[PDB]
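Worksheet for the structure shown next.
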Amino acid sequence: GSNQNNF
Ligand SMILES: [Zn+2]
């Protein structure tokens, strides 16, 4: 699975 962090 792909991941995205929007800090
Ligand atoms: Zn993954």
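Convention: chains lettered A, B, ... in structure tokens order; per-chain residue numbering from 1; ligands numbered from 1 as shown.
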
### Task
Please write out the residues within 7 Å of ligand 1 as JSON, numbers by chain, counting only C-alpha atoms and all ligand atoms.
{"A": [1, 2, 3]}
